[PDB]
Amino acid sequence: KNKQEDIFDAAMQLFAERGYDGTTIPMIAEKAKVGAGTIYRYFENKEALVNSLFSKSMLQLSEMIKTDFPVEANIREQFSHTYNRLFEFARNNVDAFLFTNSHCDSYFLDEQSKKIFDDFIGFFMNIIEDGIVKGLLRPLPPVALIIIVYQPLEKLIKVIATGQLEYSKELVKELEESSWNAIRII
């Protein structure tokens, strides 16, 4: 909904400019142009709001990658699909991406937010483990290969968001080829 979305957008801008601990529900109500009582109809408190935001973002990233996932294709294509859908999600949901990326291990996260994230991670662990066994990927610990793919992307999104680097189809194409070469057997 446009109400839910403006509450989350207004909450993200305040969490970034005034910190999560410093932000309150009335501040989000003022920036979203709604009543504090209407926010309390959707969310019991700020911790419920930030867990609805985190969870929805994770399931949107999970939907984006899992939608049209090329199950019958090779490792190369499954990687290409995952990488581009991951980059496209980050690119279009930078605040949510930068916010979700910055709070995966936060103290305010609830059991469902953690189960959503672990179920998402585990999906790629199993593909990576299958790739290692077939001799298709480097025999590195699966968590080391996720780090190799994810950390450069995560930082490049941050650097693009500051305007230090600029997005282009050519840049993602170069970054995707680089990440595939980093994890495959040569």
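From 1 onward, residues are counted along the sequence shown.
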request  = Determine, for stretches 19-27 and 159-167, which one has the higher mean CA B-factor as deposited.
outcome  = 19-27
ask   = Of the two stretches 36-44 and 145-153, which shows the higher Cα B-factor on average in the entry?
value = 36-44
remark   = Assert third(CA B-factor, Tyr83) within chain per record equals lowest
ask   = Comparing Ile7 with the other modelled residues of its chain, is its CA B-factor in the lowest, middle or highest third?
value = highest
key: Third of the chain's Cα B-factor distribution that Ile116 belongs to, per the entry   = middle
key: Cα B factor band for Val133 (lowest, middle or highest third within the chain)   = highest
task = Grab the CA temperature factor for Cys104 from the record and place it in the lowest, middle or highest third of its chain.
result = highest
